[PDB]
Ligand SMILES: [K+]
Ligand SMILES: [K+]
Ligand SMILES: [K+]
Ligand SMILES: [K+]
């Protein structure tokens, strides 16, 4: 009844406060933020940038036109040649700035060979133009390609279960791929979250404790086509070792599950997460099979993914008791 | 005689059904799909987008021209200035929209300083223009660069063999690189696939079982220039431990082989796969050498890659028997 | 009192000298440098490139105009057609070159069907134009996206502490994430730096010695949301094994701490670093908790991140003594 | 005296022959090749593509102009409007095609509202135009960014040495970073190459044998600022175990050394290689220190990198003898 540190969607429930350097540290990493903001903001931002360069140069050109005396003779004649043809005022100067930076260049307003400063400005503005474009491309490219989007076609079981496999008592949860694209170099991790006090009397607000999914033997690496059921064998070195079915409806703790892997197309690691509270773990259940064979191939029924069935055959005590008891019977 | 879970090309034989959230989960990951569809579709899609913005703006301009009364005086005179010169109708309005968004800007149809709304629209459309381009670039860039294409210059042997190496009985298959480019940080994995029932009576439609290629000792990492022969030593902890040559023509199971590595040029992980059925494994054979030395260098003959030869010297029983028997003789 | 090999910001304090091949080796890797230089330099560089192609082609066109005799008849008539209309001199030839390469193409200066060489040149220059753009985009894209920028939203504690946890004496330092974005596949490393002489009398100017953070058990991998305290248990195989609280104010050595992980958005590994001198390590202290629970969620107070408190309960001798002593008492 | 499998530059000495599917497998991976070819080829290729689309469309337009009867009335009048203004022939049709696809759009040749087919063609060509650009960008971007270029600022010692460290006999070679940029998540690998015959009489043309650099303890991971000396301790499980100083001037084999790591700026793994023949290994030597301290910092003299000095104190027998002998003395 304490609270949820990671929601079921993987979303983490926490907030940072009194971060001192936040503004100056965010300026240096500035690109990283820019790509996480809503599109409309990233866009409006860029159109803001465009608009600003158009107005700036537009003004310069208008200033030049004003001083040269072009405003009064925009088209020139035999005895007089303007800096930029057909700039009669502000809006005209604005239009030419846009036409130039965008490279539309209708040509009705046009630079002449007269002013080196007008020429120069055109030069500068062109270069400027490319620069802004380049940033926009990259930004869009980057944001467009974010691998965290892939985590939404990855799936966790609504519950985790505990049950026997091959003589061992195991915590299990299930994972699945909702795309026919592969998750490359995928692997998993699990952790038990809960506050604790060390024998020295040190309070750890939330301690994160590894749940061994087979990392040592290289078994945490998975090949995920059909849903895989992930197994934690509860043993001497397990944090759940002394926990029984009744300890599940009493205790407060949380199990955090991770799936890391690479989006096949971009080879960019995505990390998917979810969470099981002690009250979301079903003791004595087993997952319903989603895979079955038909004729020339295999199929997965995904409506059975979350479903579990009761195994009355399941022991209600902790692995600890289970073990210790084995050594009474076997001891006498 | 059951069926093949992964084809020989690496293609997986399975299909997902009754996935509930598929539409809304695919919208969030939408970029990931977009790059896997056939070119013509991704392209037609984008030309569809272009076409749509040209028509949309074209319409706006035509509406503006209509209301301003430009349709009747497209070129204007001393007493009258149009919003956009030379828009006499729909097609004219269309052309200007394209000329503008594409930045061709022939200039025959041209914005004037008269309408702020025409100007604004031009502004908006330009910005819009960049945006669509940017998406196209990224999409093409991404799709163009997909690392899974590299898996087609990587190679597996048509068969796997079992045979003795240095006193040990080993399952072996071969892998090869068809490019002179390196596969960076490459490593392998193998798995035995087959359905099973746990001693608790739990049916696992297909259980995936690790075949140890040396992960523990860091030996699953390979340096692949010439074809490497991959070895699984069949021992106490091997899933093939109790399997003999006769069990091979009887049993139904499958071995799945993986090669993961990085495309040298892009450093993007590609994953190559293939499969050996118990009936594709040749007991008592050995691979033909594809590498030989000549003068100033080494050469690889790839026509010998798949070829195997008989070793009548090979034991036909399981590693299990082989071991157990050693301990009769050595026991008496 | 020797010196600092890595500053606290992670910056390494060292310089390379008498590198022989530096110029020719840097030319081959040239792209890598280009993206690390200040913007203004990368930009000025590119505008330098632009400017150079505009002048080059501008000259060609002017040469062509000169020879054709266009300088004297820029607009032509019934009996004479220029190579490029309206090029009356250098600046005119310059303007057309820019208009062409930038694709502004106002159109006042325009190629005609007369000179195949003018046409060809236009062809060449256009192609050239794209090429330079493409480089600029990539450069900007690349530099824009550098993952090392992310290391500035990652955090280390100003000090490291030594203290007891669960019956063991541990060196600890703390790490934190200043963004709500995740650090994917993150893990840590630590090293003791100091010069030494092997029993063979070989001097190692600075030897780098692994500080075990749990790599073997897969515990060096972390899930970083709230600040994690990193623990080195000082034991038989620890380089700090024979060090006590008094050895800390005497000895000269340095501990180097690393955090490697992936920027969530780009999946590009960043590496963060910092350093603790023996004089920056606080013996007998403990970190102040930055995480606390409120109602519907958790919060982190970052002003407590660096803060430590005294634990007078802490032993002042080395793990070595501590152990050895245990085996007097337990031995008698 | 056999031959070198990897040259000292890392270049591998081998060639593939009789690869059967080479053309069709290379078509699918086609992008991968495109980026490894010389610039001039990738460029000429693209200019080839451009040129081809300009000519193609140019022809279409000319065909349209021909049929419409524009060739005879390029500028039109009150009673007649051309498809595209000012196309009088082939070259004119060519110019307009280029002006259109490049978006220069001088405007002297210009589409009119008359032909829907001309309009359509313009539409199509524009779209086409973007597509080719996009490919070019990506290609240039990709090729520009190749991480294998970084391997040229990474360094190996010209020789490897064997010598005692802390009571153990070790094969050592040295590695170095020629840039002030870091090599992220770097690690090493080594291998002994030589042909062999298994006790079963199976010939392995070249067997690749792991040289343990500490992978098991996680010590193959390095932090490379100053040059690191890499150590292989020659022990029971070492392939060099039974090799002595005299076996070095006799035997033929090769040691292959690898350094894998990530370019700091792009986080793209590069793999550096080199090789030591038994005749390139200096028994009884030690590397000259390249690092020294001065005042406020550290410096590296790179001219000392390759240099080694004699240690007459060094044993000339194999680790094997060395060990076995220890157990005579200690045995009697
Ligand atoms: K234009
Ligand atoms: K134009
Ligand atoms: K243009
Ligand atoms: K124009």
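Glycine gets a Cβ as well: all are built from the backbone with ideal geometry, and neighbour counts include every protein chain shown. Numbers and lists here come from the model and the stated rules, or from a named source; no laboratory instrument gave them.
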> Can you name the residue in the stretch B:76-124 that is away from ligand 1 (no atom under 16 Å from the Cβ) and under 43 Å from the mean Cα position of the chain (by Cα) and is also farthest from the other protein chains (Cβ to nearest Cβ) among such residues?
Replying inline: B:121
> Is it the case that some residue within the stretch D:65-73 is more than 16 Å from ligand 4 (Cβ to nearest atom), within 14 Å of chain B (Cβ to nearest Cβ), surrounded by 18 or more Cβ atoms within 10 Å (Cβ to Cβ) and over 18 Å from residue C:129 (Cβ atoms)?
Replying inline: no
> Just for strands (runs of 3 or more DSSP E) wholly inside the stretch D:203-316: which have at least 2 residues that are more than 32 Å from the chain's Cα centre (by Cα) and without any contact (Cβ under 8 Å) to a residue 12 or more places away in the chain?
Replying inline: D:291-294
> Taking the stretch A:65-98, which residues are part of a helix (DSSP H, G or I) and farther than 23 Å from residue C:88 by Cβ?
Replying inline: A:66, A:67, A:90, A:91, A:92, A:93, A:94, A:95, A:97, A:98
>> I'd like to know if the stretch A:134-144 contains one or more residues that are within 12 Å of chain C (Cβ to nearest Cβ), under 30 Å from residue C:304 (Cβ atoms) and not in a strand (DSSP E or B).
In response: no
> Quick one: is residue B:195 part of a loop (DSSP other than H, G, I, E, B) and either more than 16 Å from residue B:318 (Cβ to Cβ) or within 14 Å of chain A (Cβ to nearest Cβ) (or both)?
Replying inline: no
> Of the numbered conditions (1) outside the structural domain of residue B:195 (by CATH); (2) exposed (fewer than 14 other Cβ atoms within 10 Å of the Cβ); (3) under 30 Å from residue A:176 (Cβ atoms), residue B:1 satisfies every one except a single condition; which is it?
Replying inline: (1)
> Quick one: is residue D:184 assigned to a strand (DSSP E or B) and touching a strand residue (DSSP E or B) at 6+ places or on another chain (Cβ under 9 Å)?
Replying inline: yes
>> Being away from chain A (no Cβ under 13 Å) and on the phi > 0 side of the Ramachandran plot is the requirement here; does residue C:201 meet it?
In response: yes
> For residue D:164, which of the numbered conditions (1) more than 30 Å from residue D:236 (Cα to Cα); (2) away from chain B (no Cβ under 14 Å); (3) in contact with a strand residue (DSSP E or B) (Cβ under 8 Å, 6 or more places away or on another chain) fails to hold?
Replying inline: (1)
> Just a yes or no: is a residue in the stretch D:230-241 under 30 Å from residue C:260 (Cβ atoms) and within 10 Å of chain B (Cβ to nearest Cβ)?
Replying inline: yes
> Residue check: is residue A:322 in a helix (DSSP H, G or I) and surrounded by fewer than 20 Cβ atoms within 10 Å (Cβ to Cβ)?
Replying inline: yes
>> Which condition from (1) in contact (Cβ under 8 Å) with a residue 60 or more places away in the chain; (2) under 30 Å from residue B:61 (Cβ atoms) is the one that residue B:134 breaks?
In response: (1)
> Are any residues in the stretch D:216-238 surrounded by 19 or more Cβ atoms within 10 Å (Cβ to Cβ) and over 25 Å from residue D:288 (Cα atoms), and if so, which ones?
Replying inline: D:238
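Conditions tested, residue by residue: (1) over 30 Å from residue A:66 (Cβ atoms); (2) more than 16 Å from ligand 3 (Cβ to nearest atom); (3) surrounded by fewer than 20 Cβ atoms within 10 Å (Cβ to Cβ).
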| position | (1), (2), (3) |
| --- | --- |
| A:119 | no, yes, yes |
| A:126 | no, no, no |
| A:176 | yes, yes, no |
| A:184 | yes, yes, no |
>> Being in the same structural domain as residue C:8 (by CATH) and more than 16 Å from ligand 3 (Cβ to nearest atom) narrows it down to one residue among C:154, C:63; which is it?
In response: C:154
>> It is to be established whether one or more residues within the stretch D:127-145 are within 16 Å of ligand 2 (Cβ to nearest atom) and touching a helix residue (DSSP H, G or I) at 6+ places or on another chain (Cβ under 6 Å).
In response: yes
> Out of all the residues in the stretch B:49-61, is one or more touching a strand residue (DSSP E or B) at 6+ places or on another chain (Cβ under 7 Å) and more than 14 Å from chain D (Cβ to nearest Cβ)?
Replying inline: no
>> Can you confirm whether residue D:254 is surrounded by fewer than 22 Cβ atoms within 10 Å (Cβ to Cβ) and away from every other protein chain (no Cβ under 12 Å)?
In response: no
>> So if I check each of D:59, D:85, D:45, which one is surrounded by fewer than 16 Cβ atoms within 10 Å (Cβ to Cβ) and in contact (Cβ under 8 Å) with a residue 24 or more places away in the chain?
In response: D:59
>> Within the stretch B:104-117, take every residue that is crowded, with 22+ Cβ neighbours inside 10 Å and closer than 19 Å to residue A:101 by Cβ and give me the one that is nearest to ligand 2 (Cβ to nearest atom).
In response: B:105
>> Would you confirm, using the coordinates I've provided, whether residue B:169 is more than 10 Å from every other protein chain (Cβ to nearest Cβ), in contact (Cβ under 8 Å) with a residue 40 or more places away in the chain and not in a strand (DSSP E or B)?
In response: no
>> Here's a check for you: in the stretch C:11-29, which residue that is within 8 Å of chain D (Cβ to nearest Cβ) and in a helix (DSSP H, G or I) is nearest to residue C:272 (Cα to Cα)?
In response: C:26
>> Tell me the residue from A:118, A:92, A:142 that is in contact with a strand residue (DSSP E or B) (Cβ under 6 Å, 6 or more places away or on another chain) and outside the structural domain of residue A:301 (by CATH), please.
In response: A:118
